[PDB]
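Two forms of a single protein chain come next, each set out by itself as structure tokens; they are called structure 1 and structure 2.
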Structure 1
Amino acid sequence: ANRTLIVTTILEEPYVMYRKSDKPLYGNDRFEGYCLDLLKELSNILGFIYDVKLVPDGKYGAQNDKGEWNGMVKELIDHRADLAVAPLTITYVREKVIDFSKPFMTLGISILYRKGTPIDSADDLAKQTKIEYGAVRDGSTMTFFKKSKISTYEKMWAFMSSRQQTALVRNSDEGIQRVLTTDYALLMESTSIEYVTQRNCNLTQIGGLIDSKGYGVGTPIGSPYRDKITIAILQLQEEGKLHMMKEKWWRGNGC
């Protein structure tokens, strides 16, 4: 408990954001959000100090054809970060190469679209071509479709990848702008959809959850921190703190 832990993260509202201030902010103070509040709580419970670095390449983490990982996942593999604290989705393929705490938040893939249409499910998207749909390129949602053996999701992946230049987007902001200004539905995690729909009363989640998973803190395989982090997350849940943090960043208060 002396060396400063390096934490890798990624910009994604309301998890991780640049704090605004009339005066200059330095180091960790530049960042705010649900995950920064979480990290602070974890650091208090476990008694460590930390240095927040964005993932250099700006990516969550995916495998290329040669099987090579990038993004926050690779930062951990290569021991360039001690922890990843982000909306980092716990997946089977990632568990092969990094360890995750128990989840601090649960979510599933769902659909962000506008209100007032006859679209009620992924099946409604899949059976037509007029409304475009896609996902953020190279994250867990995209990979879910790429790897699905379910007929509907296979059809959807065929659509997304055949029209990849338009259907797949670079980040959440691009995807939301597409929903706002074109006839487009974004495949998106339910937690992130909820943030958006609270802030724009024209937008809605369409249908239910397409899968069921969690965000967890990532560590390099074998890290002693992983189980300690799980214990801390369990404590925060027990204390009602995870609920309070969600309400602070999704609803409003407090503050």
Structure 2
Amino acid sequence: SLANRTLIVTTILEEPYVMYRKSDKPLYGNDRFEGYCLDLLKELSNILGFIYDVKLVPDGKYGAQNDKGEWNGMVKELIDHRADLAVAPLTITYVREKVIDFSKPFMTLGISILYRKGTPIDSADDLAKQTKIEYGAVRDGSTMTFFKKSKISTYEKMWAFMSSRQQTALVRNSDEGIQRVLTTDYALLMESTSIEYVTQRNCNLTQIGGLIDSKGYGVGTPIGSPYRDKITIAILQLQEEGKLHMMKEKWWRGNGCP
């Protein structure tokens, strides 16, 4: 008992949160998808008693604004009441929190470093004080913005290096970034959850140091939605039951690295 009607869930394809399910025969509706977020959605529907319809965000975007303030992506779907929930790795940010509501986080993470295994680099500071190893982030991504705006000595220094080499230092997309780490002596600054995913599948790669910032993913709802607080309670129940840990293990685990 949450509402007498199917809830519309906006989402986006992103491994391993929301993925297209491999099948030998055609699949329909929600059955077409799988992943951490689909498991979270099933768990939330079990606890809260709702039926749902998963719809990919038409423009394939998470949510940002133009200079006139027009939002796009999942955030816009919620603002316009075209979706009841957004279940995706959607970062809880100051700007978004002003236009939509978020449950409390289901996952906490931060910016960290993706690099090769067995080198003497152990931190952002180590990278900052040298020039032989290149480093950067996805151009105009969440990680790039963090460095551009930072007033922290080491991060301001890193940004100076990342913006001297517009082209060599920054990457066009995340695919290019991972390819660059694998093919050149390059360290990629990126979301720690994605680092964990990649390092479980590439034994030659490792995370360097800890978290550079702190952020979390939350279920998005339109502003004022009564479902927001019920989803927060369900997330807390899942955490205390150990189910958030089991869901992360399920999707993140690789078959092993020596």
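Definition used throughout: the rigid core is the maximal C-alpha set that superposes within 1.5 Å between two forms. All residue numbers here follow the sequence of structure 1, with the first residue given the number 1.
Relative to the superposed rigid core, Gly27 undergoes a CA displacement smaller than 2 Å between structure 1 and structure 2.
Once the rigid core is used as the reference frame, the Cα position of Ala81 differs between structure 1 and structure 2 by less than 2 Å. Domain motion between structure 1 and structure 2: the smaller of two rigid parts turns 19° against the larger, based on C-alpha superpositions. After superposing on the rigid core, the C-alpha of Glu194 is displaced by 1.2 Å between structure 1 and structure 2. For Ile176, the CA shift between structure 1 and structure 2 after superposing the rigid core equals 3.2 Å. Superposed on the core, the two forms differ at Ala135, whose C-alpha moves 4.7 Å between structure 1 and structure 2.
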